Structures are given as structure tokens and as C-alpha cells.
>>> print(open('start-v3.txt').read())   # compact mmCIF, N, CA and C atoms
# COMPACT_ATOMS: atom_id res chain seq x y z
N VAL A 1 -33.29 67.00 14.21
CA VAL A 1 -34.28 66.13 13.53
C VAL A 1 -34.09 66.18 12.02
N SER A 2 -33.62 67.31 11.54
CA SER A 2 -33.40 67.45 10.08
C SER A 2 -32.50 66.33 9.56
N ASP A 3 -33.12 65.33 8.95
CA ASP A 3 -32.33 64.18 8.41
C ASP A 3 -32.43 64.12 6.87
N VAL A 4 -32.58 65.26 6.25
CA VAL A 4 -32.69 65.29 4.75
C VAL A 4 -31.70 66.34 4.14
N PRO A 5 -30.77 65.91 3.24
CA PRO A 5 -29.82 66.86 2.64
C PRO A 5 -30.54 68.06 2.04
N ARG A 6 -29.87 69.18 2.01
CA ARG A 6 -30.52 70.40 1.43
C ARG A 6 -29.50 71.39 0.86
N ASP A 7 -30.00 72.52 0.43
CA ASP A 7 -29.12 73.57 -0.15
C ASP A 7 -28.12 73.01 -1.17
N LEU A 8 -28.51 71.97 -1.86
CA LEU A 8 -27.57 71.39 -2.86
C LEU A 8 -27.35 72.39 -3.99
N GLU A 9 -26.17 72.97 -4.04
CA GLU A 9 -25.89 73.95 -5.12
C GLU A 9 -24.43 73.90 -5.58
N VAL A 10 -24.15 74.63 -6.63
CA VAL A 10 -22.77 74.65 -7.17
C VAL A 10 -22.07 75.96 -6.76
N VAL A 11 -20.96 75.84 -6.09
CA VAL A 11 -20.24 77.07 -5.66
C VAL A 11 -19.44 77.67 -6.80
N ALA A 12 -18.77 76.84 -7.53
CA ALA A 12 -17.96 77.36 -8.67
C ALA A 12 -17.66 76.26 -9.68
N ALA A 13 -17.16 76.67 -10.82
CA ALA A 13 -16.84 75.67 -11.88
C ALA A 13 -15.55 76.05 -12.61
N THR A 14 -14.54 75.22 -12.47
CA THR A 14 -13.26 75.51 -13.15
C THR A 14 -13.19 74.77 -14.50
N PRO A 15 -12.30 75.21 -15.39
CA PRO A 15 -12.16 74.57 -16.70
C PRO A 15 -11.75 73.10 -16.58
N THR A 16 -11.68 72.60 -15.38
CA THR A 16 -11.28 71.17 -15.22
C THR A 16 -11.68 70.61 -13.86
N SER A 17 -12.63 71.23 -13.23
CA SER A 17 -13.06 70.72 -11.90
C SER A 17 -14.29 71.46 -11.38
N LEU A 18 -15.11 70.76 -10.64
CA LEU A 18 -16.34 71.39 -10.08
C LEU A 18 -16.36 71.29 -8.56
N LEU A 19 -16.89 72.30 -7.91
CA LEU A 19 -16.95 72.29 -6.42
C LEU A 19 -18.40 72.28 -5.97
N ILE A 20 -18.85 71.16 -5.46
CA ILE A 20 -20.26 71.07 -5.00
C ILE A 20 -20.37 71.27 -3.50
N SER A 21 -21.55 71.64 -3.05
CA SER A 21 -21.73 71.85 -1.59
C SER A 21 -23.17 71.57 -1.18
N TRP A 22 -23.33 70.64 -0.26
CA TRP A 22 -24.69 70.29 0.22
C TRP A 22 -24.78 70.47 1.73
N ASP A 23 -25.43 69.56 2.41
CA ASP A 23 -25.53 69.73 3.90
C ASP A 23 -25.57 68.39 4.64
N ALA A 24 -24.89 68.35 5.77
CA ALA A 24 -24.86 67.11 6.58
C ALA A 24 -25.72 67.28 7.87
N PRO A 25 -26.57 66.29 8.22
CA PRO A 25 -27.40 66.40 9.42
C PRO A 25 -26.55 66.57 10.69
N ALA A 26 -27.21 66.61 11.82
CA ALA A 26 -26.48 66.77 13.10
C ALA A 26 -26.34 65.43 13.81
N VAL A 27 -27.13 64.49 13.39
CA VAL A 27 -27.07 63.15 14.01
C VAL A 27 -25.75 62.46 13.69
N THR A 28 -25.59 61.27 14.19
CA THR A 28 -24.34 60.53 13.92
C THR A 28 -24.36 59.95 12.50
N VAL A 29 -23.75 60.65 11.59
CA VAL A 29 -23.73 60.16 10.19
C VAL A 29 -22.47 59.35 9.91
N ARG A 30 -22.65 58.07 9.69
CA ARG A 30 -21.47 57.21 9.41
C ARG A 30 -20.74 57.70 8.18
N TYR A 31 -21.40 57.65 7.05
CA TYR A 31 -20.73 58.11 5.80
C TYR A 31 -21.74 58.46 4.69
N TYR A 32 -21.25 59.18 3.70
CA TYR A 32 -22.11 59.60 2.55
C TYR A 32 -21.60 58.97 1.26
N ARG A 33 -22.39 59.04 0.22
CA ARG A 33 -21.95 58.46 -1.09
C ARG A 33 -22.40 59.35 -2.23
N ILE A 34 -21.46 60.01 -2.86
CA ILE A 34 -21.81 60.91 -3.99
C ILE A 34 -21.41 60.29 -5.33
N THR A 35 -22.41 60.00 -6.14
CA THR A 35 -22.14 59.39 -7.47
C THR A 35 -22.56 60.35 -8.58
N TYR A 36 -21.79 60.40 -9.65
CA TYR A 36 -22.17 61.31 -10.75
C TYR A 36 -21.90 60.68 -12.10
N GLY A 37 -22.68 61.09 -13.07
CA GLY A 37 -22.51 60.54 -14.45
C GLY A 37 -23.52 61.19 -15.40
N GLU A 38 -23.13 61.33 -16.64
CA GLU A 38 -24.04 61.95 -17.63
C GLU A 38 -25.37 61.19 -17.71
N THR A 39 -26.41 61.91 -18.05
CA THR A 39 -27.74 61.25 -18.15
C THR A 39 -27.82 60.37 -19.39
N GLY A 40 -28.49 59.25 -19.26
CA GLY A 40 -28.62 58.33 -20.42
C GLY A 40 -27.24 57.84 -20.88
N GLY A 41 -26.56 57.15 -19.99
CA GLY A 41 -25.20 56.63 -20.34
C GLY A 41 -25.11 55.12 -20.06
N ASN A 42 -24.09 54.51 -20.62
CA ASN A 42 -23.90 53.05 -20.42
C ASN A 42 -22.76 52.80 -19.44
N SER A 43 -22.24 53.87 -18.90
CA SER A 43 -21.12 53.75 -17.93
C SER A 43 -20.98 55.06 -17.12
N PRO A 44 -21.49 55.10 -15.88
CA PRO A 44 -21.39 56.32 -15.07
C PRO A 44 -19.94 56.68 -14.79
N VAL A 45 -19.68 57.95 -14.70
CA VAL A 45 -18.30 58.39 -14.42
C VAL A 45 -17.72 57.67 -13.23
N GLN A 46 -18.14 58.07 -12.08
CA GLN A 46 -17.61 57.41 -10.86
C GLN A 46 -18.36 57.86 -9.61
N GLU A 47 -17.77 57.59 -8.48
CA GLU A 47 -18.41 57.99 -7.20
C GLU A 47 -17.45 57.79 -6.03
N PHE A 48 -17.75 58.38 -4.91
CA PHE A 48 -16.86 58.22 -3.74
C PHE A 48 -17.60 58.48 -2.44
N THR A 49 -17.05 57.95 -1.36
CA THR A 49 -17.70 58.15 -0.03
C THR A 49 -16.85 59.01 0.88
N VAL A 50 -17.46 59.48 1.93
CA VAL A 50 -16.72 60.33 2.89
C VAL A 50 -17.36 60.22 4.30
N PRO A 51 -16.58 60.43 5.36
CA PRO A 51 -17.12 60.34 6.73
C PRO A 51 -18.28 61.32 6.97
N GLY A 52 -18.81 61.89 5.92
CA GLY A 52 -19.94 62.85 6.10
C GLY A 52 -19.51 64.02 6.98
N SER A 53 -18.25 64.06 7.31
CA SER A 53 -17.75 65.16 8.17
C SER A 53 -17.68 66.46 7.39
N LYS A 54 -17.41 66.36 6.11
CA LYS A 54 -17.32 67.58 5.28
C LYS A 54 -18.62 67.83 4.53
N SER A 55 -19.04 69.07 4.50
CA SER A 55 -20.30 69.39 3.79
C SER A 55 -20.02 69.81 2.36
N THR A 56 -18.76 69.81 2.01
CA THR A 56 -18.37 70.20 0.63
C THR A 56 -17.32 69.25 0.08
N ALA A 57 -17.16 69.25 -1.21
CA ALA A 57 -16.16 68.34 -1.81
C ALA A 57 -15.81 68.74 -3.23
N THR A 58 -14.56 68.56 -3.58
CA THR A 58 -14.12 68.91 -4.94
C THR A 58 -14.15 67.68 -5.84
N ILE A 59 -14.43 67.90 -7.10
CA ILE A 59 -14.49 66.75 -8.05
C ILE A 59 -13.84 67.12 -9.38
N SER A 60 -13.34 66.13 -10.06
CA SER A 60 -12.69 66.40 -11.36
C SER A 60 -12.83 65.20 -12.29
N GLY A 61 -12.60 65.43 -13.56
CA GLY A 61 -12.71 64.31 -14.54
C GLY A 61 -14.06 64.37 -15.27
N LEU A 62 -14.55 65.57 -15.49
CA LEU A 62 -15.85 65.72 -16.20
C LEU A 62 -15.67 66.51 -17.49
N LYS A 63 -16.73 67.11 -17.97
CA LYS A 63 -16.62 67.89 -19.23
C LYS A 63 -17.66 69.05 -19.24
N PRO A 64 -17.28 70.23 -19.78
CA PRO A 64 -18.20 71.37 -19.82
C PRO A 64 -19.38 71.14 -20.77
N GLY A 65 -20.42 71.91 -20.56
CA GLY A 65 -21.64 71.78 -21.42
C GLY A 65 -22.09 70.33 -21.57
N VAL A 66 -22.76 69.83 -20.57
CA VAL A 66 -23.23 68.43 -20.66
C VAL A 66 -24.19 68.09 -19.51
N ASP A 67 -25.27 67.45 -19.86
CA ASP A 67 -26.26 67.07 -18.82
C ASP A 67 -25.60 66.20 -17.76
N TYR A 68 -25.65 66.65 -16.53
CA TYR A 68 -25.02 65.86 -15.44
C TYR A 68 -26.02 65.49 -14.36
N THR A 69 -26.03 64.23 -14.00
CA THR A 69 -26.96 63.75 -12.95
C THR A 69 -26.17 63.34 -11.72
N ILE A 70 -26.44 63.99 -10.62
CA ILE A 70 -25.71 63.66 -9.36
C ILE A 70 -26.66 63.04 -8.34
N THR A 71 -26.14 62.10 -7.59
CA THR A 71 -26.98 61.43 -6.57
C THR A 71 -26.22 61.30 -5.27
N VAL A 72 -26.85 61.68 -4.18
CA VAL A 72 -26.16 61.58 -2.86
C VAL A 72 -26.91 60.62 -1.94
N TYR A 73 -26.17 59.67 -1.44
CA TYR A 73 -26.78 58.67 -0.53
C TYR A 73 -26.38 58.95 0.91
N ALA A 74 -27.29 59.48 1.67
CA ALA A 74 -26.97 59.78 3.08
C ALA A 74 -27.17 58.54 3.94
N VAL A 75 -26.10 57.80 4.15
CA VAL A 75 -26.23 56.58 4.97
C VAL A 75 -25.83 56.84 6.42
N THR A 76 -26.82 56.85 7.29
CA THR A 76 -26.54 57.10 8.72
C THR A 76 -26.37 55.78 9.47
N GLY A 77 -27.47 55.16 9.78
CA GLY A 77 -27.40 53.87 10.52
C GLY A 77 -27.03 54.10 11.98
N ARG A 78 -27.41 53.16 12.82
CA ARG A 78 -27.10 53.29 14.28
C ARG A 78 -26.23 52.13 14.75
N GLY A 79 -26.85 51.01 15.03
CA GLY A 79 -26.04 49.84 15.51
C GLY A 79 -26.56 48.50 14.97
N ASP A 80 -27.74 48.50 14.40
CA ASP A 80 -28.27 47.20 13.87
C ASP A 80 -29.21 47.41 12.68
N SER A 81 -30.44 47.75 12.95
CA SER A 81 -31.41 47.96 11.84
C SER A 81 -30.82 48.90 10.76
N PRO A 82 -30.52 48.39 9.54
CA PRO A 82 -29.97 49.24 8.50
C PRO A 82 -30.96 50.36 8.14
N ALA A 83 -30.87 51.44 8.86
CA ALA A 83 -31.79 52.57 8.59
C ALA A 83 -31.57 53.13 7.20
N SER A 84 -32.13 52.47 6.21
CA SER A 84 -31.96 52.97 4.83
C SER A 84 -32.50 54.38 4.70
N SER A 85 -31.61 55.33 4.68
CA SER A 85 -32.05 56.74 4.56
C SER A 85 -32.87 56.96 3.29
N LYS A 86 -32.95 58.21 2.88
CA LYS A 86 -33.72 58.54 1.65
C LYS A 86 -32.79 59.13 0.57
N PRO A 87 -32.15 58.27 -0.23
CA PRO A 87 -31.25 58.76 -1.27
C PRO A 87 -32.00 59.65 -2.24
N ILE A 88 -31.38 60.73 -2.65
CA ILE A 88 -32.06 61.65 -3.61
C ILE A 88 -31.15 62.00 -4.76
N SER A 89 -31.76 62.31 -5.88
CA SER A 89 -30.95 62.67 -7.07
C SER A 89 -31.56 63.86 -7.79
N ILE A 90 -30.72 64.60 -8.47
CA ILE A 90 -31.22 65.79 -9.21
C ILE A 90 -30.40 66.00 -10.47
N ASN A 91 -31.08 66.37 -11.53
CA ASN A 91 -30.38 66.60 -12.80
C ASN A 91 -29.98 68.07 -12.94
N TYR A 92 -28.80 68.29 -13.44
CA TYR A 92 -28.34 69.69 -13.61
C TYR A 92 -27.28 69.77 -14.70
N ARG A 93 -27.49 70.65 -15.65
CA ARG A 93 -26.50 70.79 -16.74
C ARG A 93 -25.32 71.62 -16.30
N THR A 94 -24.14 71.04 -16.37
CA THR A 94 -22.92 71.79 -15.95
C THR A 94 -21.93 71.89 -17.10
>>> encode(input="start-v3.txt", output="C-alpha cells")
Amino acid sequence: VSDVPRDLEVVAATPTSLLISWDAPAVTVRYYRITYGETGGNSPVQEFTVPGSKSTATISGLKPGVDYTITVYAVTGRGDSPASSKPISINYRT
């Protein structure tokens, strides 16, 4: 029944890459969408999707010491009614 991402935390931080790790439900999750970009910007860095099969993912192309806002869109869906999940976002300085 747990259909809400959790344990969103940072495992490690390299001088040129960050490793984030959250959680994927047990239901049939089509795909996820992780977008990131500095707060108060006119052009977000970027974003990418995944079969929601992996609960972790590596990212690169950022900068140390800077307010970072990440947002994860858990898109499940079944066969018709677009079950718009509950996208959530959190601010964190990395």
C-alpha cells in the first residue's frame, strides 16, 4: 500500500558527482522522473526518467556549496485513468 517515496537522503558526494537514494513502491511502477536545479533560477539544470526499477541513481554536472532543489515524480498509472501520483520536492544545500 505504501505509495509515497521515502528515506530520501544523500549517500555520498564526490568533487564532481552526487549519489542520491530514495525508495520505490511495490506496486507496478511504470517510471519515475527526477529533476534538479538551483533554487531561484531561470534555467533548471536537467532531469531524467527511469523504469523505477532502481532505488538509487548517480548524477553529475552540478557545483559544490549551492542551494539545490530536487523533485521526484512517482508516475505509476495502471491502464487508463492517469493516476496522477503525488509529486514531492525538497530543498537541500549540497
>>> closest_residue(input="start-v3.txt", among="A:4, A:75, A:59, A:83", to="residue 28 of chain A", atoms="all atoms listed in the file")
A:75
>>> closest_residue(input="start-v3.txt", among="A:69, A:60, A:17, A:35", to="residue 93 of chain A", atoms="only N, CA and C atoms")
A:69
>>> closest_residue(input="start-v3.txt", among="A:40, A:33, A:18, A:10", to="residue 61 of chain A", atoms="only C-alpha atoms")
A:18
>>> closest_residue(input="start-v3.txt", among="A:82, A:41, A:51, A:15", to="residue 68 of chain A", atoms="only C-alpha atoms")
A:41
>>> atom_distance(input="start-v3.txt", atom1="atom N of residue 32 of chain A", atom2="atom N of residue 20 of chain A")
15.3 Å
>>> residues_around(input="start-v3.txt", residues="residue 73 of chain A", least_positions_apart="5", cutoff="12 Å", atoms="only C-alpha atoms", output="PDB file with N, CA and C atoms, in the coordinates of the input")
ATOM      1  N   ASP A   3     -33.120  65.330   8.950  1.00  0.00           N
ATOM      2  CA  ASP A   3     -32.330  64.180   8.410  1.00  0.00           C
ATOM      3  C   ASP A   3     -32.430  64.120   6.870  1.00  0.00           C
ATOM      4  N   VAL A   4     -32.580  65.260   6.250  1.00  0.00           N
ATOM      5  CA  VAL A   4     -32.690  65.290   4.750  1.00  0.00           C
ATOM      6  C   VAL A   4     -31.700  66.340   4.140  1.00  0.00           C
ATOM      7  N   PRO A   5     -30.770  65.910   3.240  1.00  0.00           N
ATOM      8  CA  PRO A   5     -29.820  66.860   2.640  1.00  0.00           C
ATOM      9  C   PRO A   5     -30.540  68.060   2.040  1.00  0.00           C
ATOM     10  N   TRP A  22     -23.330  70.640  -0.260  1.00  0.00           N
ATOM     11  CA  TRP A  22     -24.690  70.290   0.220  1.00  0.00           C
ATOM     12  C   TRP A  22     -24.780  70.470   1.730  1.00  0.00           C
ATOM     13  N   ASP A  23     -25.430  69.560   2.410  1.00  0.00           N
ATOM     14  CA  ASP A  23     -25.530  69.730   3.900  1.00  0.00           C
ATOM     15  C   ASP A  23     -25.570  68.390   4.640  1.00  0.00           C
ATOM     16  N   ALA A  24     -24.890  68.350   5.770  1.00  0.00           N
ATOM     17  CA  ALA A  24     -24.860  67.110   6.580  1.00  0.00           C
ATOM     18  C   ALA A  24     -25.720  67.280   7.870  1.00  0.00           C
ATOM     19  N   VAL A  29     -23.750  60.650  11.590  1.00  0.00           N
ATOM     20  CA  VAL A  29     -23.730  60.160  10.190  1.00  0.00           C
ATOM     21  C   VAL A  29     -22.470  59.350   9.910  1.00  0.00           C
ATOM     22  N   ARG A  30     -22.650  58.070   9.690  1.00  0.00           N
ATOM     23  CA  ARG A  30     -21.470  57.210   9.410  1.00  0.00           C
ATOM     24  C   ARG A  30     -20.740  57.700   8.180  1.00  0.00           C
ATOM     25  N   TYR A  31     -21.400  57.650   7.050  1.00  0.00           N
ATOM     26  CA  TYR A  31     -20.730  58.110   5.800  1.00  0.00           C
ATOM     27  C   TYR A  31     -21.740  58.460   4.690  1.00  0.00           C
ATOM     28  N   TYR A  32     -21.250  59.180   3.700  1.00  0.00           N
ATOM     29  CA  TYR A  32     -22.110  59.600   2.550  1.00  0.00           C
ATOM     30  C   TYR A  32     -21.600  58.970   1.260  1.00  0.00           C
ATOM     31  N   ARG A  33     -22.390  59.040   0.220  1.00  0.00           N
ATOM     32  CA  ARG A  33     -21.950  58.460  -1.090  1.00  0.00           C
ATOM     33  C   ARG A  33     -22.400  59.350  -2.230  1.00  0.00           C
ATOM     34  N   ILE A  34     -21.460  60.010  -2.860  1.00  0.00           N
ATOM     35  CA  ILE A  34     -21.810  60.910  -3.990  1.00  0.00           C
ATOM     36  C   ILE A  34     -21.410  60.290  -5.330  1.00  0.00           C
ATOM     37  N   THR A  35     -22.410  60.000  -6.140  1.00  0.00           N
ATOM     38  CA  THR A  35     -22.140  59.390  -7.470  1.00  0.00           C
ATOM     39  C   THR A  35     -22.560  60.350  -8.580  1.00  0.00           C
ATOM     40  N   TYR A  36     -21.790  60.400  -9.650  1.00  0.00           N
ATOM     41  CA  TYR A  36     -22.170  61.310 -10.750  1.00  0.00           C
ATOM     42  C   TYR A  36     -21.900  60.680 -12.100  1.00  0.00           C
ATOM     43  N   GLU A  47     -17.770  57.590  -8.480  1.00  0.00           N
ATOM     44  CA  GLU A  47     -18.410  57.990  -7.200  1.00  0.00           C
ATOM     45  C   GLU A  47     -17.450  57.790  -6.030  1.00  0.00           C
ATOM     46  N   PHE A  48     -17.750  58.380  -4.910  1.00  0.00           N
ATOM     47  CA  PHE A  48     -16.860  58.220  -3.740  1.00  0.00           C
ATOM     48  C   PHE A  48     -17.600  58.480  -2.440  1.00  0.00           C
ATOM     49  N   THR A  49     -17.050  57.950  -1.360  1.00  0.00           N
ATOM     50  CA  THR A  49     -17.700  58.150  -0.030  1.00  0.00           C
ATOM     51  C   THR A  49     -16.850  59.010   0.880  1.00  0.00           C
ATOM     52  N   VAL A  50     -17.460  59.480   1.930  1.00  0.00           N
ATOM     53  CA  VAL A  50     -16.720  60.330   2.890  1.00  0.00           C
ATOM     54  C   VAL A  50     -17.360  60.220   4.300  1.00  0.00           C
ATOM     55  N   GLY A  52     -18.810  61.890   5.920  1.00  0.00           N
ATOM     56  CA  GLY A  52     -19.940  62.850   6.100  1.00  0.00           C
ATOM     57  C   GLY A  52     -19.510  64.020   6.980  1.00  0.00           C
ATOM     58  N   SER A  84     -32.130  52.470   6.210  1.00  0.00           N
ATOM     59  CA  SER A  84     -31.960  52.970   4.830  1.00  0.00           C
ATOM     60  C   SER A  84     -32.500  54.380   4.700  1.00  0.00           C
ATOM     61  N   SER A  85     -31.610  55.330   4.680  1.00  0.00           N
ATOM     62  CA  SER A  85     -32.050  56.740   4.560  1.00  0.00           C
ATOM     63  C   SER A  85     -32.870  56.960   3.290  1.00  0.00           C
ATOM     64  N   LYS A  86     -32.950  58.210   2.880  1.00  0.00           N
ATOM     65  CA  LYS A  86     -33.720  58.540   1.650  1.00  0.00           C
ATOM     66  C   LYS A  86     -32.790  59.130   0.570  1.00  0.00           C
ATOM     67  N   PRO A  87     -32.150  58.270  -0.230  1.00  0.00           N
ATOM     68  CA  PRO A  87     -31.250  58.760  -1.270  1.00  0.00           C
ATOM     69  C   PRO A  87     -32.000  59.650  -2.240  1.00  0.00           C
ATOM     70  N   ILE A  88     -31.380  60.730  -2.650  1.00  0.00           N
ATOM     71  CA  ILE A  88     -32.060  61.650  -3.610  1.00  0.00           C
ATOM     72  C   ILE A  88     -31.150  62.000  -4.760  1.00  0.00           C
ATOM     73  N   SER A  89     -31.760  62.310  -5.880  1.00  0.00           N
ATOM     74  CA  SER A  89     -30.950  62.670  -7.070  1.00  0.00           C
ATOM     75  C   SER A  89     -31.560  63.860  -7.790  1.00  0.00           C
TER      76      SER A  89
END
>>> atom_distance(input="start-v3.txt", atom1="atom N of residue 11 of chain A", atom2="atom C of residue 42 of chain A")
26.7 Å
>>> atom_distance(input="start-v3.txt", atom1="atom C of residue 77 of chain A", atom2="atom C of residue 27 of chain A")
8.6 Å
>>> closest_residue(input="start-v3.txt", among="A:74, A:66, A:19, A:1", to="residue 38 of chain A", atoms="all atoms listed in the file")
A:66
>>> closest_residue(input="start-v3.txt", among="A:16, A:53, A:94, A:43", to="residue 76 of chain A", atoms="only C-alpha atoms")
A:53
>>> decode(input="start-v3.txt", residues="segment 25-52 of chain A", atoms="N, CA and C atoms", output="CSV table (one decimal), in the first residue's frame")
chain,number,residue,atom,x,y,z
A,25,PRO,N,7.9,2.1,-4.6
A,25,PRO,CA,6.8,1.3,-4.0
A,25,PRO,C,6.9,-0.2,-4.5
A,26,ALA,N,6.0,-1.0,-4.1
A,26,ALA,CA,6.0,-2.4,-4.5
A,26,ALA,C,5.0,-2.6,-5.7
A,27,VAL,N,4.1,-1.7,-5.8
A,27,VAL,CA,3.1,-1.8,-6.9
A,27,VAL,C,3.8,-1.7,-8.3
A,28,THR,N,3.0,-1.8,-9.3
A,28,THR,CA,3.6,-1.7,-10.7
A,28,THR,C,3.9,-0.3,-11.0
A,29,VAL,N,5.2,0.1,-10.9
A,29,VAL,CA,5.6,1.5,-11.2
A,29,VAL,C,6.1,1.6,-12.6
A,30,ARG,N,5.4,2.3,-13.4
A,30,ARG,CA,5.9,2.4,-14.8
A,30,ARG,C,7.2,3.1,-14.9
A,31,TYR,N,7.3,4.4,-14.4
A,31,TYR,CA,8.6,5.1,-14.4
A,31,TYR,C,8.6,6.3,-13.5
A,32,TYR,N,9.8,6.7,-13.2
A,32,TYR,CA,10.0,7.9,-12.2
A,32,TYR,C,10.6,9.1,-13.0
A,33,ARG,N,10.6,10.2,-12.4
A,33,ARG,CA,11.1,11.4,-13.0
A,33,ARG,C,11.9,12.3,-12.0
A,34,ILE,N,13.2,12.3,-12.1
A,34,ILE,CA,13.9,13.1,-11.1
A,34,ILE,C,14.5,14.4,-11.7
A,35,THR,N,14.0,15.5,-11.3
A,35,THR,CA,14.5,16.8,-11.8
A,35,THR,C,15.3,17.6,-10.8
A,36,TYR,N,16.3,18.3,-11.2
A,36,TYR,CA,17.1,19.1,-10.2
A,36,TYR,C,17.6,20.4,-10.8
A,37,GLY,N,17.7,21.4,-9.9
A,37,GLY,CA,18.2,22.7,-10.4
A,37,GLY,C,18.3,23.7,-9.2
A,38,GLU,N,19.2,24.6,-9.2
A,38,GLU,CA,19.4,25.5,-8.1
A,38,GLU,C,18.1,26.3,-7.9
A,39,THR,N,17.9,26.7,-6.6
A,39,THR,CA,16.7,27.5,-6.3
A,39,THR,C,16.7,28.9,-6.8
A,40,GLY,N,15.6,29.3,-7.2
A,40,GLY,CA,15.5,30.7,-7.8
A,40,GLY,C,16.4,30.8,-9.0
A,41,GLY,N,16.1,30.1,-10.1
A,41,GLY,CA,16.9,30.1,-11.3
A,41,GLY,C,16.0,30.3,-12.5
A,42,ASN,N,16.6,30.7,-13.6
A,42,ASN,CA,15.9,31.0,-14.9
A,42,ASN,C,16.1,29.8,-15.8
A,43,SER,N,16.8,28.8,-15.4
A,43,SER,CA,17.0,27.6,-16.3
A,43,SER,C,17.5,26.4,-15.4
A,44,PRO,N,16.5,25.5,-15.1
A,44,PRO,CA,16.9,24.3,-14.3
A,44,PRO,C,18.0,23.5,-14.9
A,45,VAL,N,18.8,22.9,-14.1
A,45,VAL,CA,19.9,22.0,-14.7
A,45,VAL,C,19.3,21.0,-15.7
A,46,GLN,N,18.7,20.0,-15.2
A,46,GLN,CA,18.1,19.0,-16.1
A,46,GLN,C,17.3,18.0,-15.3
A,47,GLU,N,17.0,16.9,-16.0
A,47,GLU,CA,16.2,15.8,-15.3
A,47,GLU,C,16.2,14.6,-16.2
A,48,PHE,N,15.8,13.5,-15.6
A,48,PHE,CA,15.8,12.2,-16.3
A,48,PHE,C,14.8,11.2,-15.7
A,49,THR,N,14.4,10.2,-16.5
A,49,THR,CA,13.4,9.2,-16.0
A,49,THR,C,14.1,7.8,-16.0
A,50,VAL,N,13.4,7.0,-15.3
A,50,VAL,CA,13.9,5.6,-15.2
A,50,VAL,C,12.8,4.6,-14.9
A,51,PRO,N,12.9,3.3,-15.3
A,51,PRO,CA,11.9,2.3,-15.1
A,51,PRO,C,11.5,2.2,-13.6
A,52,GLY,N,11.9,3.1,-12.8
A,52,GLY,CA,11.6,3.0,-11.3
A,52,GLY,C,12.1,1.6,-10.8
